[PDB]
Structure formats: structure tokens, C-alpha cells
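One file, input-v2.cif, carrying mmCIF, C-alpha atoms and all ligand atoms; chains and numbers go by the auth columns:
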data_input
#
loop_
_atom_site.group_PDB
_atom_site.id
_atom_site.type_symbol
_atom_site.label_atom_id
_atom_site.label_comp_id
_atom_site.label_asym_id
_atom_site.label_seq_id
_atom_site.Cartn_x
_atom_site.Cartn_y
_atom_site.Cartn_z
_atom_site.B_iso_or_equiv
_atom_site.auth_seq_id
_atom_site.auth_asym_id
ATOM 1 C CA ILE A 1 12.350 -27.011 2.668 0.00 1 A
ATOM 2 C CA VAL A 2 12.152 -30.239 4.738 0.00 2 A
ATOM 3 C CA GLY A 3 10.494 -29.971 8.193 0.00 3 A
ATOM 4 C CA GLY A 4 9.479 -26.309 7.733 0.00 4 A
ATOM 5 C CA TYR A 5 6.020 -24.641 7.729 0.00 5 A
ATOM 6 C CA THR A 6 3.799 -22.776 5.242 0.00 6 A
ATOM 7 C CA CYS A 7 4.967 -19.161 5.325 0.00 7 A
ATOM 8 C CA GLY A 8 1.562 -17.575 4.650 0.00 8 A
ATOM 9 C CA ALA A 9 0.937 -15.635 1.375 0.00 9 A
ATOM 10 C CA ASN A 10 3.343 -12.772 0.727 0.00 10 A
ATOM 11 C CA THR A 11 4.935 -12.781 4.270 0.00 11 A
ATOM 12 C CA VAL A 12 8.411 -13.067 2.623 0.00 12 A
ATOM 13 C CA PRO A 13 8.034 -10.196 0.044 0.00 13 A
ATOM 14 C CA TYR A 14 11.677 -10.331 -1.189 0.00 14 A
ATOM 15 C CA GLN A 15 11.445 -14.023 -2.228 0.00 15 A
ATOM 16 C CA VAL A 16 11.467 -14.591 -6.000 0.00 16 A
ATOM 17 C CA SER A 17 11.086 -17.839 -8.094 0.00 17 A
ATOM 18 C CA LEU A 18 13.425 -18.176 -11.170 0.00 18 A
ATOM 19 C CA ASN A 19 11.313 -19.807 -13.882 0.00 19 A
ATOM 20 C CA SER A 20 12.075 -21.429 -17.300 0.00 20 A
ATOM 21 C CA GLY A 21 8.679 -23.152 -17.791 0.00 21 A
ATOM 22 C CA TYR A 22 8.896 -24.585 -14.182 0.00 22 A
ATOM 23 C CA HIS A 23 10.424 -23.305 -10.891 0.00 23 A
ATOM 24 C CA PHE A 24 14.142 -24.313 -10.713 0.00 24 A
ATOM 25 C CA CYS A 25 15.701 -21.889 -8.125 0.00 25 A
ATOM 26 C CA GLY A 26 14.861 -19.131 -5.690 0.00 26 A
ATOM 27 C CA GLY A 27 16.373 -15.687 -5.336 0.00 27 A
ATOM 28 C CA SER A 28 16.144 -12.438 -3.358 0.00 28 A
ATOM 29 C CA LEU A 29 15.060 -8.995 -4.571 0.00 29 A
ATOM 30 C CA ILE A 30 17.671 -6.421 -3.341 0.00 30 A
ATOM 31 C CA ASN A 31 16.336 -3.288 -5.157 0.00 31 A
ATOM 32 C CA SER A 32 13.606 -2.797 -7.866 0.00 32 A
ATOM 33 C CA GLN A 33 15.758 -4.004 -10.762 0.00 33 A
ATOM 34 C CA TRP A 34 18.158 -6.562 -9.244 0.00 34 A
ATOM 35 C CA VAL A 35 17.923 -10.041 -7.757 0.00 35 A
ATOM 36 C CA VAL A 36 20.703 -12.048 -6.064 0.00 36 A
ATOM 37 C CA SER A 37 20.731 -15.844 -6.482 0.00 37 A
ATOM 38 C CA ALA A 38 23.357 -18.602 -6.723 0.00 38 A
ATOM 39 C CA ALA A 39 25.740 -18.997 -9.675 0.00 39 A
ATOM 40 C CA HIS A 40 24.909 -22.655 -10.134 0.00 40 A
ATOM 41 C CA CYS A 41 21.278 -21.663 -10.845 0.00 41 A
ATOM 42 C CA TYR A 42 22.471 -19.878 -13.998 0.00 42 A
ATOM 43 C CA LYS A 43 20.819 -20.663 -17.380 0.00 43 A
ATOM 44 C CA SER A 44 19.514 -18.478 -20.214 0.00 44 A
ATOM 45 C CA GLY A 45 15.788 -17.815 -20.659 0.00 45 A
ATOM 46 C CA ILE A 46 15.103 -16.919 -17.007 0.00 46 A
ATOM 47 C CA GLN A 47 11.779 -15.259 -16.105 0.00 47 A
ATOM 48 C CA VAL A 48 11.794 -13.841 -12.515 0.00 48 A
ATOM 49 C CA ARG A 49 8.445 -14.257 -10.713 0.00 49 A
ATOM 50 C CA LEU A 50 7.839 -11.826 -7.846 0.00 50 A
ATOM 51 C CA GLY A 51 4.826 -11.743 -5.402 0.00 51 A
ATOM 52 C CA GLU A 52 4.262 -15.443 -5.557 0.00 52 A
ATOM 53 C CA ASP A 53 2.800 -17.763 -2.958 0.00 53 A
ATOM 54 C CA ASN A 54 1.243 -20.694 -4.968 0.00 54 A
ATOM 55 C CA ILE A 55 3.617 -20.972 -8.055 0.00 55 A
ATOM 56 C CA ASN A 56 1.061 -23.026 -10.051 0.00 56 A
ATOM 57 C CA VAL A 57 -1.914 -20.580 -9.650 0.00 57 A
ATOM 58 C CA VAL A 58 -2.037 -16.811 -10.640 0.00 58 A
ATOM 59 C CA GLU A 59 -3.707 -15.543 -7.395 0.00 59 A
ATOM 60 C CA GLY A 60 -2.891 -11.853 -7.863 0.00 60 A
ATOM 61 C CA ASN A 61 0.212 -9.860 -6.745 0.00 61 A
ATOM 62 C CA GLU A 62 2.447 -11.686 -9.209 0.00 62 A
ATOM 63 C CA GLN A 63 4.802 -9.711 -11.454 0.00 63 A
ATOM 64 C CA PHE A 64 6.597 -11.815 -14.118 0.00 64 A
ATOM 65 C CA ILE A 65 9.646 -10.007 -15.501 0.00 65 A
ATOM 66 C CA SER A 66 12.302 -11.322 -17.847 0.00 66 A
ATOM 67 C CA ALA A 67 15.941 -11.130 -16.744 0.00 67 A
ATOM 68 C CA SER A 68 17.916 -8.668 -18.993 0.00 68 A
ATOM 69 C CA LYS A 69 21.345 -10.202 -17.925 0.00 69 A
ATOM 70 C CA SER A 70 22.686 -12.597 -15.290 0.00 70 A
ATOM 71 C CA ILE A 71 26.191 -11.923 -13.922 0.00 71 A
ATOM 72 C CA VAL A 72 27.802 -15.035 -12.384 0.00 72 A
ATOM 73 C CA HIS A 73 30.729 -14.124 -10.042 0.00 73 A
ATOM 74 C CA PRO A 74 33.979 -14.210 -12.231 0.00 74 A
ATOM 75 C CA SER A 75 35.731 -16.533 -9.695 0.00 75 A
ATOM 76 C CA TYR A 76 32.794 -18.959 -9.349 0.00 76 A
ATOM 77 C CA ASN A 77 34.227 -22.542 -9.216 0.00 77 A
ATOM 78 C CA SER A 78 31.566 -25.086 -10.254 0.00 78 A
ATOM 79 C CA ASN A 79 33.567 -27.908 -8.669 0.00 79 A
ATOM 80 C CA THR A 80 33.870 -26.448 -5.183 0.00 80 A
ATOM 81 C CA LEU A 81 30.892 -24.010 -5.428 0.00 81 A
ATOM 82 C CA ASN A 82 33.169 -21.378 -3.923 0.00 82 A
ATOM 83 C CA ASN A 83 31.776 -17.847 -4.861 0.00 83 A
ATOM 84 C CA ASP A 84 28.365 -19.321 -5.621 0.00 84 A
ATOM 85 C CA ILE A 85 26.552 -15.995 -6.189 0.00 85 A
ATOM 86 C CA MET A 86 24.931 -14.374 -9.246 0.00 86 A
ATOM 87 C CA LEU A 87 23.180 -11.069 -9.814 0.00 87 A
ATOM 88 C CA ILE A 88 20.230 -10.876 -12.236 0.00 88 A
ATOM 89 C CA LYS A 89 19.224 -7.521 -13.704 0.00 89 A
ATOM 90 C CA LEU A 90 15.463 -7.321 -14.577 0.00 90 A
ATOM 91 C CA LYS A 91 14.294 -6.026 -18.046 0.00 91 A
ATOM 92 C CA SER A 92 11.959 -3.494 -16.246 0.00 92 A
ATOM 93 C CA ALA A 93 11.910 -2.422 -12.626 0.00 93 A
ATOM 94 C CA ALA A 94 9.394 -4.144 -10.356 0.00 94 A
ATOM 95 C CA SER A 95 6.622 -2.152 -8.581 0.00 95 A
ATOM 96 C CA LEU A 96 7.494 -2.510 -4.854 0.00 96 A
ATOM 97 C CA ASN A 97 4.677 -2.382 -2.228 0.00 97 A
ATOM 98 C CA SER A 98 4.033 -4.499 0.933 0.00 98 A
ATOM 99 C CA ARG A 99 3.740 -7.763 -1.019 0.00 99 A
ATOM 100 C CA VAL A 100 6.851 -7.195 -3.194 0.00 100 A
ATOM 101 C CA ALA A 101 9.721 -5.500 -1.299 0.00 101 A
ATOM 102 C CA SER A 102 13.555 -5.742 -1.369 0.00 102 A
ATOM 103 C CA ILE A 103 15.686 -7.087 1.561 0.00 103 A
ATOM 104 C CA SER A 104 18.782 -5.205 2.853 0.00 104 A
ATOM 105 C CA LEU A 105 22.354 -6.320 2.302 0.00 105 A
ATOM 106 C CA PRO A 106 24.315 -6.725 5.583 0.00 106 A
ATOM 107 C CA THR A 107 26.889 -4.275 6.951 0.00 107 A
ATOM 108 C CA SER A 108 28.555 -6.999 9.073 0.00 108 A
ATOM 109 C CA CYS A 109 28.631 -10.823 8.986 0.00 109 A
ATOM 110 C CA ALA A 110 26.411 -12.734 11.458 0.00 110 A
ATOM 111 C CA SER A 111 27.631 -14.762 14.391 0.00 111 A
ATOM 112 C CA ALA A 112 27.099 -18.452 15.161 0.00 112 A
ATOM 113 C CA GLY A 113 23.792 -18.901 16.961 0.00 113 A
ATOM 114 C CA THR A 114 22.064 -16.101 14.928 0.00 114 A
ATOM 115 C CA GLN A 115 18.549 -17.409 14.098 0.00 115 A
ATOM 116 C CA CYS A 116 17.623 -16.864 10.393 0.00 116 A
ATOM 117 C CA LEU A 117 14.660 -17.528 8.084 0.00 117 A
ATOM 118 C CA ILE A 118 15.201 -19.721 5.027 0.00 118 A
ATOM 119 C CA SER A 119 12.314 -20.006 2.510 0.00 119 A
ATOM 120 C CA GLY A 120 11.582 -21.581 -0.865 0.00 120 A
ATOM 121 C CA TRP A 121 9.554 -23.964 -3.061 0.00 121 A
ATOM 122 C CA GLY A 122 12.187 -26.738 -2.952 0.00 122 A
ATOM 123 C CA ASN A 123 11.707 -30.385 -2.138 0.00 123 A
ATOM 124 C CA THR A 124 9.975 -31.174 1.186 0.00 124 A
ATOM 125 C CA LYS A 125 11.239 -34.839 1.450 0.00 125 A
ATOM 126 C CA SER A 126 14.748 -35.899 2.451 0.00 126 A
ATOM 127 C CA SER A 127 14.189 -39.329 0.945 0.00 127 A
ATOM 128 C CA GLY A 128 12.221 -38.803 -2.336 0.00 128 A
ATOM 129 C CA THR A 129 10.846 -35.779 -4.263 0.00 129 A
ATOM 130 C CA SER A 130 7.672 -33.835 -3.184 0.00 130 A
ATOM 131 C CA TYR A 131 7.605 -30.182 -4.450 0.00 131 A
ATOM 132 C CA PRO A 132 5.069 -27.794 -2.799 0.00 132 A
ATOM 133 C CA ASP A 133 2.748 -25.310 -4.462 0.00 133 A
ATOM 134 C CA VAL A 134 3.126 -22.592 -1.797 0.00 134 A
ATOM 135 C CA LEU A 135 6.180 -21.091 -0.118 0.00 135 A
ATOM 136 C CA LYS A 136 7.709 -22.943 2.839 0.00 136 A
ATOM 137 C CA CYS A 137 9.714 -21.398 5.697 0.00 137 A
ATOM 138 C CA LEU A 138 12.239 -22.710 8.185 0.00 138 A
ATOM 139 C CA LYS A 139 13.888 -20.888 11.105 0.00 139 A
ATOM 140 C CA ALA A 140 17.496 -22.213 11.451 0.00 140 A
ATOM 141 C CA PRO A 141 20.605 -21.006 13.359 0.00 141 A
ATOM 142 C CA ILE A 142 24.033 -20.297 11.874 0.00 142 A
ATOM 143 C CA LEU A 143 26.439 -23.033 13.198 0.00 143 A
ATOM 144 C CA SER A 144 29.983 -22.394 14.387 0.00 144 A
ATOM 145 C CA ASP A 145 32.788 -22.719 11.891 0.00 145 A
ATOM 146 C CA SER A 146 34.250 -25.623 13.833 0.00 146 A
ATOM 147 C CA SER A 147 31.051 -27.637 13.580 0.00 147 A
ATOM 148 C CA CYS A 148 30.726 -26.773 9.871 0.00 148 A
ATOM 149 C CA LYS A 149 34.318 -27.820 8.989 0.00 149 A
ATOM 150 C CA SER A 150 33.903 -30.986 11.124 0.00 150 A
ATOM 151 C CA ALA A 151 30.826 -31.908 9.022 0.00 151 A
ATOM 152 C CA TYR A 152 32.429 -31.121 5.654 0.00 152 A
ATOM 153 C CA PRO A 153 36.202 -31.361 6.195 0.00 153 A
ATOM 154 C CA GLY A 154 38.250 -29.772 3.372 0.00 154 A
ATOM 155 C CA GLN A 155 35.127 -28.353 1.598 0.00 155 A
ATOM 156 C CA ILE A 156 34.232 -25.131 3.455 0.00 156 A
ATOM 157 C CA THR A 157 35.942 -21.924 2.245 0.00 157 A
ATOM 158 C CA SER A 158 35.769 -18.570 4.016 0.00 158 A
ATOM 159 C CA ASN A 159 32.856 -17.663 1.649 0.00 159 A
ATOM 160 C CA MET A 160 30.566 -20.299 3.144 0.00 160 A
ATOM 161 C CA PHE A 161 28.831 -20.959 6.477 0.00 161 A
ATOM 162 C CA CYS A 162 26.601 -23.780 7.726 0.00 162 A
ATOM 163 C CA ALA A 163 23.126 -23.278 9.163 0.00 163 A
ATOM 164 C CA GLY A 164 20.629 -25.880 10.298 0.00 164 A
ATOM 165 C CA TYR A 165 20.177 -28.775 12.728 0.00 165 A
ATOM 166 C CA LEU A 166 22.820 -31.542 13.168 0.00 166 A
ATOM 167 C CA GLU A 167 20.088 -33.948 14.322 0.00 167 A
ATOM 168 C CA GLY A 168 18.621 -33.833 10.738 0.00 168 A
ATOM 169 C CA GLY A 169 14.839 -33.515 9.932 0.00 169 A
ATOM 170 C CA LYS A 170 14.765 -29.738 9.176 0.00 170 A
ATOM 171 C CA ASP A 171 16.787 -28.303 6.226 0.00 171 A
ATOM 172 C CA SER A 172 16.662 -26.486 2.867 0.00 172 A
ATOM 173 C CA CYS A 173 16.898 -28.816 -0.211 0.00 173 A
ATOM 174 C CA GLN A 174 17.063 -28.832 -4.081 0.00 174 A
ATOM 175 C CA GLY A 175 14.653 -26.145 -5.469 0.00 175 A
ATOM 176 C CA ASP A 176 15.406 -23.829 -2.536 0.00 176 A
ATOM 177 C CA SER A 177 18.891 -23.314 -4.112 0.00 177 A
ATOM 178 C CA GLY A 178 19.541 -19.553 -4.824 0.00 178 A
ATOM 179 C CA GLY A 179 17.075 -18.344 -2.173 0.00 179 A
ATOM 180 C CA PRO A 180 17.478 -16.227 0.924 0.00 180 A
ATOM 181 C CA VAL A 181 18.864 -16.838 4.408 0.00 181 A
ATOM 182 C CA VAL A 182 17.697 -13.669 6.286 0.00 182 A
ATOM 183 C CA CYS A 183 18.863 -12.911 9.803 0.00 183 A
ATOM 184 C CA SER A 184 17.744 -9.795 11.671 0.00 184 A
ATOM 185 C CA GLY A 185 16.312 -8.309 8.448 0.00 185 A
ATOM 186 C CA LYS A 186 19.546 -8.567 6.461 0.00 186 A
ATOM 187 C CA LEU A 187 20.337 -11.062 3.665 0.00 187 A
ATOM 188 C CA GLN A 188 23.290 -13.078 5.172 0.00 188 A
ATOM 189 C CA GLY A 189 23.192 -16.194 2.997 0.00 189 A
ATOM 190 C CA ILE A 190 22.193 -17.822 -0.286 0.00 190 A
ATOM 191 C CA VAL A 191 21.067 -21.540 -0.337 0.00 191 A
ATOM 192 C CA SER A 192 24.063 -23.251 -2.007 0.00 192 A
ATOM 193 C CA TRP A 193 24.799 -26.986 -1.320 0.00 193 A
ATOM 194 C CA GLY A 194 24.723 -29.773 1.242 0.00 194 A
ATOM 195 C CA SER A 195 24.942 -33.616 1.338 0.00 195 A
ATOM 196 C CA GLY A 196 21.334 -34.758 0.722 0.00 196 A
ATOM 197 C CA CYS A 197 18.680 -32.888 2.639 0.00 197 A
ATOM 198 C CA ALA A 198 17.923 -33.018 6.352 0.00 198 A
ATOM 199 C CA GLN A 199 20.508 -35.773 7.003 0.00 199 A
ATOM 200 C CA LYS A 200 22.072 -36.043 10.466 0.00 200 A
ATOM 201 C CA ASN A 201 25.404 -34.159 10.815 0.00 201 A
ATOM 202 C CA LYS A 202 25.169 -32.808 7.209 0.00 202 A
ATOM 203 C CA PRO A 203 23.817 -29.227 7.575 0.00 203 A
ATOM 204 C CA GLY A 204 23.173 -26.907 4.589 0.00 204 A
ATOM 205 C CA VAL A 205 26.054 -24.700 3.378 0.00 205 A
ATOM 206 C CA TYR A 206 25.305 -21.145 2.335 0.00 206 A
ATOM 207 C CA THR A 207 27.176 -18.471 0.409 0.00 207 A
ATOM 208 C CA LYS A 208 28.397 -15.824 2.939 0.00 208 A
ATOM 209 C CA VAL A 209 26.899 -12.645 1.444 0.00 209 A
ATOM 210 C CA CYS A 210 28.678 -10.229 3.865 0.00 210 A
ATOM 211 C CA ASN A 211 31.909 -11.050 1.911 0.00 211 A
ATOM 212 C CA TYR A 212 30.333 -9.839 -1.377 0.00 212 A
ATOM 213 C CA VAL A 213 28.663 -6.510 -0.534 0.00 213 A
ATOM 214 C CA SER A 214 31.375 -4.294 -2.188 0.00 214 A
ATOM 215 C CA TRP A 215 31.354 -6.608 -5.260 0.00 215 A
ATOM 216 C CA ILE A 216 27.521 -6.457 -5.488 0.00 216 A
ATOM 217 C CA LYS A 217 27.499 -2.672 -5.077 0.00 217 A
ATOM 218 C CA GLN A 218 30.330 -2.127 -7.610 0.00 218 A
ATOM 219 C CA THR A 219 28.845 -4.501 -10.148 0.00 219 A
ATOM 220 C CA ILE A 220 25.308 -2.897 -9.865 0.00 220 A
ATOM 221 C CA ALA A 221 26.824 0.557 -10.100 0.00 221 A
ATOM 222 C CA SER A 222 28.607 -0.294 -13.380 0.00 222 A
ATOM 223 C CA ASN A 223 25.694 -2.146 -15.105 0.00 223 A
HETATM 224 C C1 LIG B . 19.011 -26.619 -11.639 0.00 301 A
HETATM 225 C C2 LIG B . 20.268 -26.511 -10.727 0.00 301 A
HETATM 226 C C3 LIG B . 20.054 -25.314 -9.835 0.00 301 A
HETATM 227 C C4 LIG B . 20.464 -27.842 -9.898 0.00 301 A
HETATM 228 O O1 LIG B . 20.758 -27.598 -8.509 0.00 301 A
HETATM 229 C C5 LIG B . 20.631 -28.582 -7.531 0.00 301 A
HETATM 230 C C6 LIG B . 20.409 -29.929 -7.874 0.00 301 A
HETATM 231 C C7 LIG B . 20.286 -30.890 -6.899 0.00 301 A
HETATM 232 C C8 LIG B . 20.378 -30.538 -5.554 0.00 301 A
HETATM 233 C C9 LIG B . 20.596 -29.207 -5.171 0.00 301 A
HETATM 234 C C10 LIG B . 20.693 -28.859 -3.808 0.00 301 A
HETATM 235 N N1 LIG B . 20.496 -29.692 -2.798 0.00 301 A
HETATM 236 C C11 LIG B . 20.757 -28.911 -1.771 0.00 301 A
HETATM 237 C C12 LIG B . 20.700 -29.270 -0.426 0.00 301 A
HETATM 238 C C13 LIG B . 21.007 -28.308 0.557 0.00 301 A
HETATM 239 C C14 LIG B . 20.930 -28.682 1.911 0.00 301 A
HETATM 240 N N2 LIG B . 21.160 -29.930 2.272 0.00 301 A
HETATM 241 N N3 LIG B . 20.603 -27.762 2.793 0.00 301 A
HETATM 242 C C15 LIG B . 21.376 -26.983 0.158 0.00 301 A
HETATM 243 CL CL1 LIG B . 21.853 -25.710 1.328 0.00 301 A
HETATM 244 C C16 LIG B . 21.413 -26.676 -1.216 0.00 301 A
HETATM 245 C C17 LIG B . 21.099 -27.665 -2.133 0.00 301 A
HETATM 246 N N4 LIG B . 21.047 -27.666 -3.422 0.00 301 A
HETATM 247 C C18 LIG B . 20.728 -28.213 -6.178 0.00 301 A
HETATM 248 O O2 LIG B . 20.952 -26.878 -5.838 0.00 301 A
HETATM 249 CA CA CA B . 0.911 -17.875 -8.198 0.00 302 A
HETATM 250 CL CL CL B . 39.253 -28.219 6.936 0.00 303 A
#
Please render this file's structure as C-alpha cells.
Ligand SMILES: CC(C)COc1cccc(-c2nc3cc(C(N)=[NH2+])c(Cl)cc3[nH]2)c1[O-]
Ligand SMILES: [Ca+2]
Ligand SMILES: [Cl-]
Amino acid sequence: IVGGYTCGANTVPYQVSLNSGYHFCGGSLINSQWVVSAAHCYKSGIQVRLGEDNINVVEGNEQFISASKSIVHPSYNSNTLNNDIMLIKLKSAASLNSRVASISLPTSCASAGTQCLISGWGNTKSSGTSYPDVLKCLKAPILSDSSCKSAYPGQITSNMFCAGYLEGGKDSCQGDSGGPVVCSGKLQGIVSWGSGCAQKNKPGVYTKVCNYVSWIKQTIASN
């Protein structure tokens, strides 16, 4: 997160860190045994870390659970990043409490101007690499489709939306990939791609979760 603030320990209880010996992507807990992340964060050997604040110190509240299976969307296109969503089933269910809790899926898509909370342990520099130890937060609005398509002409599909600041300076970045975009208590987006981080007129692009609720529910119900 570039230009954001320290969230405060466990104030984002649905945030998870995907770990393979280091933090490589974020994710969101949607029920005690399933996490939603981005398809491009897929790899084998994933350990899901819940209740984290400092990812380099065991401070208490952490639950480390291995992923039993990862389900990348069948129509995921790695070249366009269209359908960039993945579901991860945990080997055992997590114990939910106030520090580890799931976030709700939306019943409707959000409108432009909706203010959302983006969080993660991704890079904090737009020019260079500085990864934080604790969770960072950023409040950002969903932009209109016209501004999004004007910034990325020919690259935005109906399963994507832009959120952020066109002046640059505040944005999500590498490492935040896979994590949550929560608006009014509902998970509306997944950190997917963007041109650099916090650059002027190049907002972040997010997977539009409201278009995948039936797919998520049907896939969880059959696995
Ligand atoms: C290990 C695998 C997940 C590699 O993934 C990545 C490697 C390098 C950069 C990114 C990345 N940069 C990103 C920048 C932005 C943004 N400008 N808001 C967003 Cl929304 C997602 C990004 N994802 C990224 O997701
Ligand atoms: Ca920790
Ligand atoms: Cl277009």
C-alpha cells in the first residue's frame, strides 16, 4: 500500500497472508474454511496465515493453516487477467472470534464514488521496493467506468473496476495482490493489476466480485 496508514493490530480480521516461506499475496476469509484471492497468486505449497499484524513476529492470534486445494476460475486469462479470482479451501476450519472473522460477499455491485478499504503487506514505495512488517490500510473510492476505460483503453472488461486517486501518491501495489477491497462491509473487489503503483492517471484495477457470487457459492457447495 503506497500512501496508506498502519491499520492497527487485528482491525481487519478477514485479511489473510498467503505464505510459501515469505508473504507473496493477500486474501480474504469468507467463511471458516474458504479464502478468496486472485488467480495470478496461485502456486502450490500455500500456507494461509490468519490473525496477523506483524508478519515477521508471532505476536499471538495467528493461525497458520495449509491450503487443501486452490481453485483458479476456469476462464482465468493470464494475459488479460480477466476472471482473476481463486478460492482456497483450508485443510482445517479456522477458529473465528473478533480477531479472525469472515467478510460478507455482496448482494449488489457498488457504485462509482463508494469509499472502500484496501489493506495488505505489499510494497509501500511507488519507485523502489520497501515491504512493511505490519498491515497497511488505504481508503479509496471506486472510479466511474468512463474514467477507468480512459486510463486503460482496451484493457478493462466488465469483470474489473478501478479504484484509487488519479493524482497518484495513494494506491495498492505488488504484495497487496489477492487482498480485499471492502465497501460498506461487503467484499466488492480483489487487488488485481495496475501500471506501476501510485502513478498519476493509472489507478489500480480490481476483480469485480459481485459478478462471481453465484460461481463462488456453487463452487463452495460442490467442494
Ligand atoms: C507472485 C505473483 C502474485 C506476482 O504478482 C505481481 C507482481 C508484480 C506486481 C504486481 C502488482 N502490482 C500491482 C499494482 C496495482 C496497483 N497499481 N494498484 C494493483 Cl491493483 C495490483 C498489482 N499487482 C503483482 O500482483
Ligand atoms: Ca505475526
Ligand atoms: Cl475501451
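Using all atoms listed in the file, the smallest distance between any of A:134, A:65, A:85, A:143 and ligand CA 302 (chain A) comes from A:134.
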Note to self: To check your reading of the model: which residues sit at most 6 Å from ligand LIG 301 (chain A) when counting only C-alpha atoms and all ligand atoms? Write the answer as a PyMOL selection string.
What the structure shows: chain A and resi 24-25+40-41+171-174+177+191-197+203-206
Checklist line | Explicit residues for the PyMOL selection byres (((chain A and resi 201) around 9) and not hetatm) (as a VMD selection string) | finding: chain A and resid 151 165 to 168 198 to 200 202 to 203
Check: Can you list, as a ChimeraX atom specification, the residues that the PyMOL selection byres (((chain A and resi 71-80) around 12) and not hetatm) selects here?
Finding: /A:34-44,67-70,81-90,152,154-157,159-160,192-194,205,207,212,215-216,219-220,222-223
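Comparing the minimum interatomic distances between ligand CL 303 (chain A) and each of A:138, A:148, A:93, A:221, counting all atoms listed in the file, we find that A:148 sits nearest.
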Next item on the list: Have a look at A:126, A:141, A:150, A:181 and name the one nearest to residue 12 in chain A; count all atoms listed in the file.
Entry: A:181
Margin query: Please list as a PyMOL selection string every residue within 9 Å of residue 107 in chain A, counting only C-alpha atoms and excluding residues in the same chain fewer than 5 positions away.
Written below: chain A and resi 186+210+213
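Considering only C-alpha atoms and all ligand atoms, every residue of the polymer chains approaching ligand CA 302 (chain A) to 8 Å or closer is listed here: residues 51, 52, 53, 54, 55, 56, 57, 58, 59, 60 and 62 of chain A.
Here the question is which of A:135, A:149, A:209, A:218 gets nearest to ligand CL 303 (chain A) using only C-alpha atoms and all ligand atoms, and that residue is A:149.
In this model, the gap between CA of residue 49 in chain A and CA of residue 123 in chain A comes to 18.6 Å.
Taking all atoms listed in the file into account, ligand CL 303 (chain A) lies nearest to A:153 out of the set A:132, A:13, A:175, A:153.
Proximity ranking of A:11, A:122, A:29, A:3 relative to residue 104 in chain A places A:29 first, based on only C-alpha atoms.
Reported to one decimal place, the separation of CA of residue 27 in chain A from CA of residue 64 in chain A is 13.7 Å.
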Note to self: Translate the PyMOL selection byres (((chain A and resi 115) around 12) and not hetatm) into a concrete residue list for this structure, as a PyMOL selection string.
What the structure shows: chain A and resi 110-114+116-118+138-143+163-165+181-186+188
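The two atoms in question, CA of residue 30 in chain A and CA of residue 103 in chain A, are spaced 5.3 Å apart.
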Skip residue 20 in chain A itself and residues of its chain fewer than 4 positions away, then list as a CSV table (one decimal) with C-alpha atoms, keeping the file's coordinate frame all residues within 8 Å of it, counting only C-alpha atoms.
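Result file follows (result.csv):
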chain,number,residue,atom,x,y,z
A,24,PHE,CA,14.1,-24.3,-10.7
A,45,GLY,CA,15.8,-17.8,-20.7
A,46,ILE,CA,15.1,-16.9,-17.0
A,47,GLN,CA,11.8,-15.3,-16.1
